[PDB]
């Protein structure tokens, strides 16, 4: 029973399991069936940027995805995350391919967590930033088909020598250190995440997508969670 909170860049509409009929960004609370979605125009071969924002005061998880184009999709969801997540978590990126496929290439990833207590001027904080991924990235936990180093990029799902994506692939990268996501005595608990991605496909349809996620610290890829399950959920319920 892993616990997952995620923001999904979902490139392939699985209408049989509640996806909207178009590519979309979604906020997933413990389920692949997003609590909230917004229409997303995925630009093939373009570098996209995703921003994830949350604070325990406003209690609103917000995401926005944009392209140099200026086009962007935004989704927000009201939720008290310390009611959902355990006190300590790991943070990661996940992606899959299914019958259809795409590259799930991460060019950068940054994260910041802060816990500001009632004790005057006392903050715990964690911040990391990857603008380059080397072949042996020791501060990343790689699961499934994820690899690092290729062009200083992070490839979440399987890519061939020529740079062609493979189907039925799943990969995740988690930051090595546990993250203290909330604390009972913190007046403000907040976090921000940003990553840049390149999704390209020669298919009639790209699949299946990329997600930023927060999980219990021992989280691993659920069995058979390629394709529509985005490497996050054990079932589609």
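Numbering follows the first chain given and starts at 1.
Once the C-alpha B-factors are averaged per stretch, 97 to 105 and 155 to 163 rank with 155 to 163 first.
Averaged over Cα atoms, the B-factor as recorded in the entry is higher for 179 to 187 than for the other of 165 to 173 and 179 to 187. Among 76, 143, 134, 110, the highest C-alpha B-factor recorded in the PDB entry belongs to 134. Note on the listed residues 50, 38, 47, 27: the highest Cα temperature factor in the record is that of 47. Residue-level temperature factors show residue 16 in the highest third of its chain, judged at the C-alpha atom. When all modelled residues of the chain are sorted by CA temperature factor, residue 90 is found within the lowest third. Residue 80 sits in the middle third of its chain by CA B factor, as recorded in the PDB entry. In this PDB entry, residue 194 carries a Cα temperature factor that places it within the lowest third of its chain's modelled residues. Ranked by C-alpha B-factor against the other modelled residues of its chain, residue 225 falls in the middle third.
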